[PDB]
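What follows is a short report on a single structure.
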Amino acid sequence: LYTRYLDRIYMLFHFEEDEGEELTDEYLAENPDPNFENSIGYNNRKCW
Amino acid sequence: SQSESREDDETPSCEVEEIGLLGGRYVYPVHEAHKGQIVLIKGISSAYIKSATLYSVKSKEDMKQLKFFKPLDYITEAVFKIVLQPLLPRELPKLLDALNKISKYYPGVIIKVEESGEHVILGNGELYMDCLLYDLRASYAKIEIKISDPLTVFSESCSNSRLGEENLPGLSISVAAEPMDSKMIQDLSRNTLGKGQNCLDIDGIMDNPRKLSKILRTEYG
């Protein structure tokens, strides 16, 4: 699914591990994170 | 543990920078140390974590004779389990260093590293671990850290046949598994030389199997 309201975009993605593991791994290779720092700068929704 | 194992490559060495004689709150400077006495050494630390045996041998036969000191047998097993993570993941290197220092200073501590990068700490009990954590946050690392909910190490067992296949199906293994006699278990748990009338500890296995088997036959039928 995709929509755009003025600026903001909304995209929905459906993965299966076969497709899933690939996209994970490629990013990891090109941005290696041995300290597990991915989740420092990740934004939750505060509200809930 | 290396000693447990027992020429070129075998020997690392450190020069002894200084020797002092302990006096509680002060250390008395020493030029030389002689057999019998217990002393404080500067700079021999890096080679060993916990126990180590120090020798100087000028002789090839003398070297062959020489027997390494056995690992100290601490009275209790750690059991108590804490999982650590630093508050901020970027500070991991400091935590790692500190954990190694804690192993050096506290002989009852076990630090293990998980897949996840979490640090499993074993200590003897509440107070023990509390002191570790205090020193860790104050004296060694200067890092605030997250600490988990006190757990324990579990052990696996059973109470009462096998078929098996090699990845390249040429080998096939069948092995029975059996409950052991509580007496036997207790005998094994008790670290002993088999002295007096005492059931022989299985680590005496290097003695003749006839003797070993004699004990089993004698004590268990």
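Following the order of the structure tokens, first chain is A, next is B, and so on, with residues numbered from 1 inside each chain and ligands from 1 in the order they appear.
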
List every residue of chain B that has an atom at most 8 Å from any atom of chain A, giving for each one its closest atom pair and the distance in Å to one decimal, counting only C-alpha atoms, sorted by chain and then by ascending residue number, as CSV.
residue,atom,partner,partner_atom,distance
B:88,CA,A:40,CA,7.9
B:89,CA,A:37,CA,6.3
B:90,CA,A:35,CA,6.6
B:92,CA,A:35,CA,7.3

Where does DSSP see strand (DSSP E or B) in range 72-177 of chain B, if you list the residues as a ChimeraX atom specification? /B:80-86,110-113,119-123,145-147,151-152

Selection export as a PDB file, in the first residue's frame, atoms kept: N, CA, C and O atoms:
ATOM      1  N   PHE B  80      24.433 -17.889  41.844  1.00  0.00           N
ATOM      2  CA  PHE B  80      23.678 -16.648  41.657  1.00  0.00           C
ATOM      3  C   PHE B  80      23.970 -15.998  40.296  1.00  0.00           C
ATOM      4  O   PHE B  80      25.127 -15.910  39.895  1.00  0.00           O
ATOM      5  N   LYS B  81      22.935 -15.541  39.590  1.00  0.00           N
ATOM      6  CA  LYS B  81      23.094 -15.096  38.184  1.00  0.00           C
ATOM      7  C   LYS B  81      22.485 -13.726  37.938  1.00  0.00           C
ATOM      8  O   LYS B  81      21.316 -13.489  38.191  1.00  0.00           O
ATOM      9  N   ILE B  82      23.309 -12.839  37.412  1.00  0.00           N
ATOM     10  CA  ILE B  82      22.953 -11.473  37.080  1.00  0.00           C
ATOM     11  C   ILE B  82      23.261 -11.256  35.614  1.00  0.00           C
ATOM     12  O   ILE B  82      24.337 -11.651  35.091  1.00  0.00           O
ATOM     13  N   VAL B  83      22.362 -10.588  34.928  1.00  0.00           N
ATOM     14  CA  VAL B  83      22.653 -10.232  33.560  1.00  0.00           C
ATOM     15  C   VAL B  83      22.925  -8.752  33.474  1.00  0.00           C
ATOM     16  O   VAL B  83      22.109  -7.950  33.896  1.00  0.00           O
ATOM     17  N   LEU B  84      24.061  -8.391  32.910  1.00  0.00           N
ATOM     18  CA  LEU B  84      24.357  -6.980  32.723  1.00  0.00           C
ATOM     19  C   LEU B  84      24.401  -6.516  31.309  1.00  0.00           C
ATOM     20  O   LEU B  84      24.925  -7.209  30.396  1.00  0.00           O
ATOM     21  N   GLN B  85      23.985  -5.260  31.228  1.00  0.00           N
ATOM     22  CA  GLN B  85      24.050  -4.441  30.074  1.00  0.00           C
ATOM     23  C   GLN B  85      24.347  -3.037  30.563  1.00  0.00           C
ATOM     24  O   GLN B  85      23.869  -2.590  31.654  1.00  0.00           O
ATOM     25  N   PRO B  86      25.103  -2.307  29.768  1.00  0.00           N
ATOM     26  CA  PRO B  86      25.296  -0.919  30.119  1.00  0.00           C
ATOM     27  C   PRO B  86      24.038  -0.114  29.768  1.00  0.00           C
ATOM     28  O   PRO B  86      23.203  -0.521  28.955  1.00  0.00           O
ATOM     29  N   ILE B 110      32.481 -15.246  37.993  1.00  0.00           N
ATOM     30  CA  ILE B 110      32.577 -15.714  36.633  1.00  0.00           C
ATOM     31  C   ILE B 110      31.889 -14.764  35.646  1.00  0.00           C
ATOM     32  O   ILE B 110      30.707 -14.436  35.813  1.00  0.00           O
ATOM     33  N   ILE B 111      32.624 -14.327  34.624  1.00  0.00           N
ATOM     34  CA  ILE B 111      32.035 -13.473  33.604  1.00  0.00           C
ATOM     35  C   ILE B 111      31.992 -14.198  32.294  1.00  0.00           C
ATOM     36  O   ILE B 111      33.011 -14.609  31.749  1.00  0.00           O
ATOM     37  N   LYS B 112      30.782 -14.326  31.786  1.00  0.00           N
ATOM     38  CA  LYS B 112      30.570 -14.988  30.534  1.00  0.00           C
ATOM     39  C   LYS B 112      29.863 -14.033  29.599  1.00  0.00           C
ATOM     40  O   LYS B 112      29.068 -13.137  30.006  1.00  0.00           O
ATOM     41  N   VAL B 113      30.112 -14.262  28.322  1.00  0.00           N
ATOM     42  CA  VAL B 113      29.608 -13.383  27.303  1.00  0.00           C
ATOM     43  C   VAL B 113      28.605 -14.109  26.441  1.00  0.00           C
ATOM     44  O   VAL B 113      28.891 -15.173  25.888  1.00  0.00           O
ATOM     45  N   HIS B 119      26.221  -9.669  29.528  1.00  0.00           N
ATOM     46  CA  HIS B 119      27.221 -10.254  30.376  1.00  0.00           C
ATOM     47  C   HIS B 119      26.626 -10.983  31.541  1.00  0.00           C
ATOM     48  O   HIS B 119      25.938 -10.406  32.389  1.00  0.00           O
ATOM     49  N   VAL B 120      26.890 -12.275  31.563  1.00  0.00           N
ATOM     50  CA  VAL B 120      26.381 -13.064  32.646  1.00  0.00           C
ATOM     51  C   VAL B 120      27.403 -13.067  33.765  1.00  0.00           C
ATOM     52  O   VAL B 120      28.553 -13.503  33.581  1.00  0.00           O
ATOM     53  N   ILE B 121      26.970 -12.610  34.934  1.00  0.00           N
ATOM     54  CA  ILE B 121      27.853 -12.585  36.079  1.00  0.00           C
ATOM     55  C   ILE B 121      27.404 -13.595  37.096  1.00  0.00           C
ATOM     56  O   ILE B 121      26.259 -13.612  37.499  1.00  0.00           O
ATOM     57  N   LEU B 122      28.309 -14.442  37.525  1.00  0.00           N
ATOM     58  CA  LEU B 122      27.999 -15.300  38.638  1.00  0.00           C
ATOM     59  C   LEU B 122      28.753 -14.855  39.883  1.00  0.00           C
ATOM     60  O   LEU B 122      29.950 -14.533  39.842  1.00  0.00           O
ATOM     61  N   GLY B 123      28.040 -14.864  41.003  1.00  0.00           N
ATOM     62  CA  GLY B 123      28.612 -14.571  42.313  1.00  0.00           C
ATOM     63  C   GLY B 123      27.933 -15.447  43.344  1.00  0.00           C
ATOM     64  O   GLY B 123      26.866 -16.043  43.115  1.00  0.00           O
ATOM     65  N   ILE B 145      24.916   1.448  34.932  1.00  0.00           N
ATOM     66  CA  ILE B 145      24.566   0.244  34.157  1.00  0.00           C
ATOM     67  C   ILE B 145      23.310  -0.414  34.591  1.00  0.00           C
ATOM     68  O   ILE B 145      22.887  -0.289  35.749  1.00  0.00           O
ATOM     69  N   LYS B 146      22.728  -1.153  33.664  1.00  0.00           N
ATOM     70  CA  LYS B 146      21.490  -1.808  33.977  1.00  0.00           C
ATOM     71  C   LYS B 146      21.787  -3.194  34.467  1.00  0.00           C
ATOM     72  O   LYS B 146      22.630  -3.906  33.943  1.00  0.00           O
ATOM     73  N   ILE B 147      21.026  -3.592  35.461  1.00  0.00           N
ATOM     74  CA  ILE B 147      21.224  -4.839  36.137  1.00  0.00           C
ATOM     75  C   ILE B 147      19.918  -5.554  36.160  1.00  0.00           C
ATOM     76  O   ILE B 147      18.889  -4.961  36.416  1.00  0.00           O
ATOM     77  N   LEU B 151      18.817 -14.424  39.164  1.00  0.00           N
ATOM     78  CA  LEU B 151      18.400 -15.764  38.707  1.00  0.00           C
ATOM     79  C   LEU B 151      19.382 -16.759  39.220  1.00  0.00           C
ATOM     80  O   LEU B 151      20.176 -16.463  40.148  1.00  0.00           O
ATOM     81  N   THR B 152      19.314 -17.950  38.616  1.00  0.00           N
ATOM     82  CA  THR B 152      20.184 -19.024  38.988  1.00  0.00           C
ATOM     83  C   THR B 152      20.465 -19.924  37.875  1.00  0.00           C
ATOM     84  O   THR B 152      19.637 -20.094  36.984  1.00  0.00           O
TER      85      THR B 152
END

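Closest approach to residue 109 in chain B from the set B:184, B:96, B:36, B:128 is made by B:128, with distances taken over only C-alpha atoms.
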
What parts of chain A does DSSP call helix (DSSP H, G or I)? I'd like the answer as a list in words.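 Those in chain A that DSSP calls helix (DSSP H, G or I) are residues 17, 18, 19, 20, 21, 22, 23, 24, 25, 26, 27, 28, 29 and 30 of chain A.
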
Do you know which residues are at most 9 Å from residue 74 in chain B counting only C-alpha atoms, after dropping those on the same chain fewer than 2 positions away, and could you put them as number ranges by chain? B: 72, 76-77, 107-108

N, CA and C atoms of the current selection, written as a PDB file, in the first residue's frame:
ATOM      1  N   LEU B  72      43.382 -23.344  42.504  1.00  0.00           N
ATOM      2  CA  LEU B  72      42.850 -23.295  43.840  1.00  0.00           C
ATOM      3  C   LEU B  72      41.408 -23.729  43.760  1.00  0.00           C
ATOM      4  N   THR B  76      33.029 -22.465  47.760  1.00  0.00           N
ATOM      5  CA  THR B  76      31.685 -22.519  47.150  1.00  0.00           C
ATOM      6  C   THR B  76      31.614 -22.234  45.639  1.00  0.00           C
ATOM      7  N   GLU B  77      30.499 -22.656  45.049  1.00  0.00           N
ATOM      8  CA  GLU B  77      30.195 -22.463  43.641  1.00  0.00           C
ATOM      9  C   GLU B  77      29.277 -21.249  43.504  1.00  0.00           C
ATOM     10  N   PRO B 107      38.065 -13.606  43.064  1.00  0.00           N
ATOM     11  CA  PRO B 107      38.309 -14.968  42.666  1.00  0.00           C
ATOM     12  C   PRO B 107      37.039 -15.823  42.480  1.00  0.00           C
ATOM     13  N   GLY B 108      35.921 -15.420  43.071  1.00  0.00           N
ATOM     14  CA  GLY B 108      34.676 -16.176  42.910  1.00  0.00           C
ATOM     15  C   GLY B 108      33.738 -15.735  41.798  1.00  0.00           C
TER      16      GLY B 108
END

Interatomic distance (Å, one decimal) between CA of residue 206 in chain B and CA of residue 11 in chain B: 27.0 Å

If you count only C-alpha atoms, which residues fall within 10 Å of residue 172 in chain B, apart from same-chain ones fewer than 4 positions away, as a CSV table (one decimal) with N, CA, C and O atoms, in the first residue's frame?
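Writing the result to out-v5.csv gives the following:
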chain,number,residue,atom,x,y,z
B,162,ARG,N,18.6,-46.1,22.1
B,162,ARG,CA,19.2,-45.2,21.0
B,162,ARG,C,19.5,-45.8,19.7
B,162,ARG,O,20.0,-46.9,19.5
B,163,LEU,N,19.2,-44.9,18.7
B,163,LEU,CA,19.5,-45.2,17.3
B,163,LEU,C,20.2,-43.9,16.8
B,163,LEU,O,19.9,-42.8,17.4
B,164,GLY,N,21.2,-43.9,15.9
B,164,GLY,CA,21.9,-42.7,15.5
B,164,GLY,C,22.5,-42.8,14.1
B,164,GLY,O,22.8,-43.8,13.6
B,165,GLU,N,22.6,-41.6,13.4
B,165,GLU,CA,23.2,-41.6,12.0
B,165,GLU,C,24.1,-40.4,11.7
B,165,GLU,O,23.7,-39.2,11.9
B,166,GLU,N,25.3,-40.8,11.2
B,166,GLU,CA,26.3,-39.8,10.7
B,166,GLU,C,25.7,-38.9,9.6
B,166,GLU,O,24.9,-39.3,8.8

Report the distance between CA of residue 53 in chain B and CA of residue 193 in chain B in Å, rounded to one decimal place. 21.9 Å

Show which residues sit within 12 Å of residue 217 in chain B, as a PyMOL selection string. Count only C-alpha atoms, and ignore same-chain residues fewer than 4 positions away. chain B and resi 184+199-200+209-213+221

If you keep N, CA, C and O atoms, can you produce a file of those selected residues as an mmCIF file, in the first residue's frame?
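Result written to out.cif:
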data_model
loop_
_atom_site.group_PDB
_atom_site.id
_atom_site.type_symbol
_atom_site.label_atom_id
_atom_site.label_comp_id
_atom_site.auth_asym_id
_atom_site.auth_seq_id
_atom_site.Cartn_x
_atom_site.Cartn_y
_atom_site.Cartn_z
ATOM 1 N N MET B 184 27.022 -42.214 45.027
ATOM 2 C CA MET B 184 28.043 -42.027 43.990
ATOM 3 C C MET B 184 28.220 -40.541 43.695
ATOM 4 O O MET B 184 29.351 -40.029 43.623
ATOM 5 N N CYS B 199 35.701 -43.085 50.070
ATOM 6 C CA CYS B 199 35.509 -43.494 48.658
ATOM 7 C C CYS B 199 36.295 -42.579 47.717
ATOM 8 O O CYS B 199 36.160 -41.345 47.742
ATOM 9 N N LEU B 200 37.116 -43.216 46.891
ATOM 10 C CA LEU B 200 37.985 -42.536 45.939
ATOM 11 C C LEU B 200 37.249 -41.607 44.954
ATOM 12 O O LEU B 200 36.294 -42.003 44.273
ATOM 13 N N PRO B 209 43.196 -49.000 36.995
ATOM 14 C CA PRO B 209 41.762 -49.297 36.832
ATOM 15 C C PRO B 209 41.270 -50.413 37.755
ATOM 16 O O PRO B 209 40.118 -50.398 38.184
ATOM 17 N N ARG B 210 42.169 -51.333 38.094
ATOM 18 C CA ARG B 210 41.866 -52.385 39.059
ATOM 19 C C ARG B 210 41.488 -51.772 40.412
ATOM 20 O O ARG B 210 40.514 -52.212 41.035
ATOM 21 N N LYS B 211 42.258 -50.763 40.812
ATOM 22 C CA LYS B 211 42.040 -50.060 42.071
ATOM 23 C C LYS B 211 40.747 -49.275 41.991
ATOM 24 O O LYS B 211 39.945 -49.276 42.944
ATOM 25 N N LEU B 212 40.587 -48.543 40.889
ATOM 26 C CA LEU B 212 39.406 -47.705 40.655
ATOM 27 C C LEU B 212 38.130 -48.556 40.732
ATOM 28 O O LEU B 212 37.150 -48.241 41.429
ATOM 29 N N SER B 213 38.204 -49.662 40.006
ATOM 30 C CA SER B 213 37.114 -50.647 39.932
ATOM 31 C C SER B 213 36.909 -51.313 41.264
ATOM 32 O O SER B 213 35.764 -51.613 41.605
ATOM 33 N N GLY B 221 28.991 -52.450 44.991
ATOM 34 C CA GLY B 221 28.661 -53.769 44.441
ATOM 35 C C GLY B 221 28.514 -53.635 42.940
ATOM 36 O O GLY B 221 27.667 -54.278 42.321
#

Which polymer residues have any atom within 6 Å of an atom of range 10-14 of chain A, counting only C-alpha atoms, with same-chain residues fewer than 3 positions away left out, as a PyMOL selection string? chain A and resi 1-3

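You will find CA of residue 140 in chain B at 5.9 Å from CA of residue 98 in chain B.
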